[PDB]
Amino acid sequence: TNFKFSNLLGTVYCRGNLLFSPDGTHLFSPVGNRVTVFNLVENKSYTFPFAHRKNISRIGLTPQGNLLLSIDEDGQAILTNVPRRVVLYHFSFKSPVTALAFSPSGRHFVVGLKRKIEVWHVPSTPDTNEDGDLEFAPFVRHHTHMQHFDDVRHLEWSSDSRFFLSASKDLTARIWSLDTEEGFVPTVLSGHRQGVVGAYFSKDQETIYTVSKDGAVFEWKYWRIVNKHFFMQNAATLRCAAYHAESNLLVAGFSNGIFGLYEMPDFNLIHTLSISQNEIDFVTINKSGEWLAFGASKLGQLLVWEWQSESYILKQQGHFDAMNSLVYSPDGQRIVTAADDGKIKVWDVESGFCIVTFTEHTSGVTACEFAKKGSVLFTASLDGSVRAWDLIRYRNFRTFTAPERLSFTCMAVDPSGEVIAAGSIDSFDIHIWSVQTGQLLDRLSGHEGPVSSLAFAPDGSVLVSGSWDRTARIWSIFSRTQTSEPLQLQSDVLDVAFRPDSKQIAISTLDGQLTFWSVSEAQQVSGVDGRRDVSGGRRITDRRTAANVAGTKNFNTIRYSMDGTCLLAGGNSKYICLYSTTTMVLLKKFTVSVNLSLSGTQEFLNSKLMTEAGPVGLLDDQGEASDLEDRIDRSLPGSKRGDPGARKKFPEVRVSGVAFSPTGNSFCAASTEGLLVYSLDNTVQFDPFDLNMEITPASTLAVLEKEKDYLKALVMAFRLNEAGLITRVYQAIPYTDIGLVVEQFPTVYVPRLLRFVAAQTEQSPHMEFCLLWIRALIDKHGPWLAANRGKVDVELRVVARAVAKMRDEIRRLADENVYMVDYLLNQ
Amino acid sequence: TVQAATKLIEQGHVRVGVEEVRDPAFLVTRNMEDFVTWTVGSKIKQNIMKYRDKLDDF
Amino acid sequence: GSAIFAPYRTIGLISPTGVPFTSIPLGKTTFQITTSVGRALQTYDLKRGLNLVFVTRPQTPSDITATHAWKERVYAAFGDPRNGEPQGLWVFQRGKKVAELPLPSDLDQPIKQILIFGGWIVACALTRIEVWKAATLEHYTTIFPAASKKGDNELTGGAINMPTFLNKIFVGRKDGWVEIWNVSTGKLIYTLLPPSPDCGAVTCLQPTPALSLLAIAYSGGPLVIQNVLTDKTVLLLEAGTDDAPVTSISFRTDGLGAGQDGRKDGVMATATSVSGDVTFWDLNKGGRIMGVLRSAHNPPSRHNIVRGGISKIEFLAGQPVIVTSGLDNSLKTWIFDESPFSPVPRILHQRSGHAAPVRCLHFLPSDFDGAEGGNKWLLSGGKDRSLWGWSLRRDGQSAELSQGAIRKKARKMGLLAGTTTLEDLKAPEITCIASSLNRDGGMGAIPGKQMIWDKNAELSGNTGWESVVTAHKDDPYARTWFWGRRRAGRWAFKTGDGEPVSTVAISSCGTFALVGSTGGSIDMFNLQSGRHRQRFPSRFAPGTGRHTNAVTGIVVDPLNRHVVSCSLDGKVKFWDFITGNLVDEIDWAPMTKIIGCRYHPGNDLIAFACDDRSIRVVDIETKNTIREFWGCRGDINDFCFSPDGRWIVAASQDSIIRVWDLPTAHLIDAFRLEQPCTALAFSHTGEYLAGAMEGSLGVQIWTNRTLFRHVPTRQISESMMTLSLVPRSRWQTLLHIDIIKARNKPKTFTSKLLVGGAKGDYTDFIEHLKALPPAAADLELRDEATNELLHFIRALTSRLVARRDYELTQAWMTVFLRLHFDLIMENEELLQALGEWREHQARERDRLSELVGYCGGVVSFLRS
Amino acid sequence: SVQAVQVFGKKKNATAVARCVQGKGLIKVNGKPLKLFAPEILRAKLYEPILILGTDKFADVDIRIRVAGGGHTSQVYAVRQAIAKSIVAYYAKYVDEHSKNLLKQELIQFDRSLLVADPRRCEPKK
Amino acid sequence: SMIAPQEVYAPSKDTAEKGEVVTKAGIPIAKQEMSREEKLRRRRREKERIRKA
RNA sequence: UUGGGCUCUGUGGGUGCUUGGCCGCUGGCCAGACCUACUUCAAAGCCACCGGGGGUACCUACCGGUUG
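Structure determination for the deposited model, as stated in its record, used cryo-EM, and the stated resolution is 3.2 Å.

This is the structure:
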């Protein structure tokens, strides 16, 4: 109904510098638009509210780690408040930002522009000044100096924040002040071979280290050089280096995926190992000195490394190709997504990590689904195969395929998961296997084109095929008459989705129109023409205008919500489109991406770009690169779906698949720039239910403390719908009076209460309290819940989620303790 | 001619399968030489049904 | 001051004041133009458009009365000591203050001429000149002119510098005199007498591009242009009217421009405070006139509300381009082209704002989610009868929504060269504006050129239509607008009764406009086709539900089910959308006159401004008045929901802005400005308010402190078995730290249990094992009552009765029973503690297992 | 520069064209008016889109129908399909887009065979 | 990624080194216990498997 | 409404969040100024995109040498 933006998910890393918190337990990882922090000593991730226009170039942090300055390309700056996750200042450096170092005294920051070195005062924030607000132009500038010769790759401060030092792109480093010292002249650290990727201080600020690109690392004293020392490496050049000055150690990541780790008062190898086949982009290093963080920018490939207990505390990766499907477990706690990378991987909704990555397909995984159970992950791929994964044992039962070789593009499993349907583009019959046998049960007829959406009913009596014969089809398999019932449509069927009670079905068809059909007596009940609602216009290489492109004006994927009221709909476009079923009105619409290193974002793309060659973001500037594997264009001419070649500049904006969360209040878009979760935001927006003039928090707490009437206080606090008040009265009434209140409680606030005590069971430390609440609610409200059973089917299942993450998390421990002590007491 | 068809697939009237192809170097395989036609709201397609005197504004 | 909101910037505003601009040359490629906001300054580029570079902060205490942009610093002078406010001369650089300047103690006069030359900064107040040495910012002397009749001492021509004249300054008095002062030593060195002694007050003076010549400019009309070391006149002209003398005079230093083809120098420009017309003079033979820009800026109109006039002319030095700045909130700049020879230029740039106060405000809704959405576009309908779509993110991307080629009709009519005038040639002034963009298709909506306010549908239904429907002051026409095209839309609508429009709404599906007369009826006009679709009522009683007097508020349920109407004369009325009939009314007839209405969708809340100075809040489906807020002493000028649905902010007629909480139902804050605020609007993030104050020709923006810090105020002013609080990712890693260590591989403190066993309180030790990292907790958990095992089993038994960490009790106990089973299977000193621990474990375990067996098995039954 | 819409309709073999233009209420089927075509007992099935949609939707248009092929019944279904598609199509291209969707809702809530003709194939049972 | 119990141990002919025989029930039943009738029935059962296979 | 209409052309702003024009830049210049110094110590290696089959006299590369 009212969905705001929750975490971006499904990409751990994109281009950009990454950083630790000063506590060491938060990792600040840039994804394309945004920055995800994930809490690493207690795994819980969050993405910030903001969203840049381009890809994140950099991030800096205040030493009191409360203030985060991010940079998108062409210098487009932000600084936000990390403890209270709010976005605070906008700024714009005019050059692109290629180096950024925030001062250790929390007072200045040096930015290194494309040759310019500008040192800025950090703005005082409303968290700092006493009676203060946002100023207008808060960034004031302390100095700027452009006495360099080429780009400035790195900036490293001192420890006492009075000198800083610049690692070039020309050949040199330079040592610089903040104010004029009396015996200091600002001076230049001389010749390397290629050009320095770092130049780091010690603790004692006499010897200065400097790390080039051609492997060599020099130690300078006072101003000549005390010892230059290289190290060998066969076919790679040194592309990142971080130096912890307290523990005296230098990491160095390379072009061939390897990093070396060197204790350096004198040159002395601690360790080295290889983590990617591709280059190492960014190295950051913990304040303790114990965790190293490496980002490899080509694939996802974020990893954190304990350098003395030689072990991956983190090694995570996104998808390096377009996704094709996501679903949720029926618990609702993990989303699985498949891609054209070949892997199908299992992501946890909390903690922001992939818990599994299955690599046993090759060549791109099309579809992905569960049964009723949530044990088995049935997936389908262009390898030609439907693999049925065992998700408790993390390995597959049974890989089915077709007798003649196919490449399946669609997949639907029965809810009682003993029947598989799949469907391809090469053949245009529909193949059905049996799971509890292993063979192929049938292949089914009827369609004059490649069947392009398959869906079983959640009853499991009816299969539904939607094909490019501009038709749909009711397949009544399970009885003695395996009969069909066609649905003559107007255009090529793109999608098919079921109402969660199986009495009504929706199809997307290639016009851009959705239509709604009765299933029992097959008959169209309704329909949307959504062609104008979905138009995310004017990709580049469109010489047509934004509103004339047919090709962004259709829905690839549709779902219903778990109530059965709103539909998600989405296509090869920028807008996710949230309709309803009864009144058919477009309820809500979401712009997926604000990005501008994506392609299909700006409709009405501006004419400053179009040079007299064409679009300036269409000129192949790959020869403007200083590395050979960057320069080599090993692409194949004219490949749309997955190729290893992949020039891959300005990818477009699609949603590759939406799905609703099985618990309420959330939303998934499998888009190109990640895997977005939208959530029904409830902690800022006041929304009462049926409220009167007297009912204040002073009135709820008044009948909570003065004259204790617990039913009137409970229905009162529900009737405000404020979480602090329902928590207050909830933890205020006693566990003797629970059965009184629920024994006389109104029937029409019951599923709100079931969702609340389910959340309090799963989150608050009040086991026997909340389980007494659930016991009273189901004991009194038994015939109501069993009689309705579909009106409340989401409320009963967020409860069954809570009383089975309690039944399995601590009573395995209670059983193992009581029988273990029974043994040790038996001797 | 190949110049007319190239100009049409850089103005974006064609599709291969379900996706509006705008690449003139898109290699077409032997069974994808069946699922290639004009895109949805195509002025070329209204000229074809208009020539054949069987169009329908519906 | 205020509690929640705080001043951020006053936006909609380029040059209101009669304090002139200031030009400076940057390099060889840009000039920079510095105007006065009021209590701030602004600099603008030339080459980068007239885009904003800085706006000066902190906001100075009084209003600014003088300015001068020297080398890199912008100097400002502010304050009228004759009436109250403190004076001062602040010195800015990069938009921030870098110096002050010490005024004398003996000073009581507002200070009008800032003038830097030599090594001197010289300011001229009203009858004295205070001169600071500029190399040290240190006060040098104060020059006092002579006096004869208590008017001759007045200094109204200002003061000025010649290029090659050394330490001297030339002042123009209220007598005809211009005096020559050696400002380094204070002395009146020479004085020169006016020609034509009937014309005797120096209104404006300027140096020449020639050496040693001035254009001194008298109130009776003559421009006199003179040698000042021969004291001999070079030319005499009759430029001013006695009713309208020259107040601005500016030579061109391009080097060409004169001689009826344009090859000789000697091009003069003059203007007057009484007209908005600038007059050019060829200067060679006897100095003929050559042309006049008529209504360059608006004229100062008697009996009109716009604020035209001029303030300054400057030829941008060495260049064919001339900036002039009016008093109608407009700075423009004009260019002498050379391919024909026009003695009257065309505009190269113009930036302008409202030349009148702002009557209505509206923030435009969200570009659907993000992408510069929610907040950036203000939309102000002022009293100069024109919309403006202001921008927060950059001031240079703001422009009028055009009502047509109006300056083409104004110069094409006689209406620009002195029936009606130009503001009267626009639309009426705007009472309200209503927008809903989901059918705004960008720049290209209907991509041709359409008739304005007429009184296709395939190209409409594919590309867009009009966004902003608008109700005006005294007209029966709700006129519509394209937002993305910045243009008057192709529709205007009547009401049905013919009476003027009272309140105009647009449905949030963007398809229906919905207009409301001051006579009572409601019409509904489809914006795509521009066609009347539904009347309220159509044709309780089915046909009879009609209002009495003006419908002062109407808004649509955003699922298009009901539209709710809200008249002044009595009651609020509940209409069916798809039928037009009348469903239910809420009746406040003998008491109320609802003057205004706001709506929050997603909260279903409608806030009414009853003329009892109250705001009655009602929920549209509950249909019961959920609240009322009694806090206003003047009537409600404006009121607005905060985007959260928490707050109501009402600007009252008594010049107090108030804000009430909706959950608490109490006044959070209330504060008092200098002027009554006419218009209020929130963003759709919570980040901004805007208010239009009665008197200033811009709006000002207030940021919201409840986002950026914790303002805590709520002052009604006037004037069992529990778990721990430890993460599952802190104790489950203790359980499984055998395999988490293995998949992660590539291819006094020990006396706390002792002291805590000496006392009967283990809670310090439990307060350690709840707080150690899991490697150190499996590490640290890995005779005669100084053993640790009996202290541990006794500790977890104490915690099992104390009932404070059940999952951590079972966690620590199961890892303990896996890695200490030998010494407890053989040792005997502790099997009393495993007996008692087993007994209490059997109690709490059997109870909790009965609970969750009932809950899991019966909830997991009721799902089938 | 006229407001013209061409529209077809189908049954077994009866195909019907209908041209709908800016007119004054008439519907003429093969020259003769609509209340004269299709022998008496099926003219209610001719009128079904008119008295679903209301004549106020039709008082601004002119519908000209040519019908060929088939028998009497199939010509009736071809006519009424051409009527319904004619007005939905005219309101698609010339009056606003909301009114199209409302007319499609009225016709589809009655019978979808007024808009999409579903010709019968056969059933070779398994 | 662990292993099923029937893939850790499943009772069969290779698992029993006996004068008994592990049946299809998984239970070893010894021939010395087996009378005339049960050895007869297992002959006719395995010969039923030969006439099928 | 004391003229109107099509078409074409030009200029300015806009089509992404507002921190200055230039230099030999912690300073200076926007009217420029001064112009030619100062010197102890050549370099570390590796890698580095030509379509398929085939020829090898001459050149070149590499490998093993040969005397002088």
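There's plenty left to go through after this.
What follows concerns the state of the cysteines. Summed over the entire model, instances satisfying the criterion amount to zero disulfides over all chains. Note on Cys240(A): no disulfide assigned, nearest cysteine sulfur contributed by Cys14(A) at a separation of 16 Å. Owing to a relative accessible area of 5%, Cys240(A) belongs among the buried residues under this scheme. The closest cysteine sulfur to the non-disulfide-bonded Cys204(C) is located on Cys124(C), 13 Å from its own sulfur. Residue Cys204(C) is classed as buried on the basis of its relative accessible area, which comes to 11%.

Residues and elements named next belong to chain C. Strands sit in the order 37-38-39-40 across an open sheet of four strands; the sheet is antiparallel. Each edge of the open sheet is held by one strand with a lone partner, namely strand 37 (501-506) and strand 40 (531-536). When the angles between neighbouring strand axes are averaged without regard to direction, this sheet yields 25 degrees. When strand 39 (residues 522-526) meets strand 40, the two strands line up antiparallel, connected through five bridges. Among the inter-strand pairings, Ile 522 is bridged to a residue of strand 40, identified as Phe 536.

Turning to the interface of chain C and chain A, a few remarks are in order. Counting residues at the interface gives 90 residues for chain C and 94 residues for chain A. For the side of chain C that touches chain A, the element with the highest residue contribution is helix 13 (residues 831-862) of chain C, accounting for 17 residues. Along the lines of polarity and charge, the residues of the side of chain C that touches chain A split into 40 nonpolar, 28 polar and 22 charged.

Turning next to the pattern of salt bridges. With the rule as written, the count across this model stands at 15 salt bridges over all chains. Linking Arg395(A) and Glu7(E) is a salt bridge whose minimum nitrogen-to-oxygen distance equals 3.1 Å. Taken as a pair, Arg395(A) in strand 36 (residues 395-401) and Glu7(E) in helix 1 (residues 5-8) lie in two separate chains rather than in one. Overall, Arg395(A) belongs to the partly exposed group, its relative accessible area being 29%.

Right, let's get into the arrangement of the chains. Contacts between protein chains span six pairs of chains, and they are most numerous for chains A and C. Nothing in chain B touches chain E; the tightest C-alpha to C-alpha distance between them is still 40 Å. A gap remains between chain D and chain E, which never touch, and the nearest two C-alpha atoms on either side lie 30 Å apart.

A few words on the protein's contact with RNA strand F. With respect to spatial proximity, 70 residues lie near RNA strand F, and among them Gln76(A), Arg193(A), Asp214(A), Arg48(C) and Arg393(C) are the closest. Backbone atoms, meaning sugar and phosphate, form 51% of the atoms of RNA strand F found within 4 Å of the protein. Note that a sugar or linking oxygen of RNA strand F is positioned 2.3 Å from one of the side-chain N or O atoms of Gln76(A). At a separation of 3.2 Å, a sugar or linking oxygen of RNA strand F approaches a polar side-chain atom of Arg351(C). When residues of the surface near RNA strand F are traced back to their parent elements, those giving at least two are strand 9 (86-92), strand 13 (141-145) and helix 1 (628-631) of chain A together with strand 1 (5-11), strand 3 (30-36), strand 5 (52-55) and strand 29 (346-352) of chain C. Taken together, the residues of the surface near RNA strand F break down into 24 nonpolar, 24 polar and 22 charged.

Reading guide: rules and limits
- Residues numbered from 1 in each chain as written, not as in the entry; some residues may be left out.
- Chains lettered and ligands numbered in written order.
- Part of a larger assembly, values for the part shown.
- Heavy atoms only, no water.
- Residues with missing side-chain atoms left out of burial classes, pairs and counts.
- Disulfide = S-S within 2.5 Å.
- Buried < 20%, exposed > 50% of the residue type's maximum accessible area, 1.4 Å probe, protein only.
- Pairing = 2+ DSSP bridges.
- Helix = DSSP H or I, 4+ residues; strand = E, 2+ residues; numbered from the N terminus.
- Axes fitted to C-alpha atoms, helices over the stretch in contact; angles between N-to-C directions.
- Contact = heavy atoms within 4.5 Å.
- Nonpolar A, V, L, I, M, F, W, Y, C, P; charged D, E, K, R; others polar.
- Salt bridge = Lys/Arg side-chain N within 4 Å of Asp/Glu carboxyl O.
- Near = heavy atom within 4 Å.
- Polar contact = N/O pair within 3.5 Å; in protein donor to acceptor, adjacent residues only side chain to side chain.

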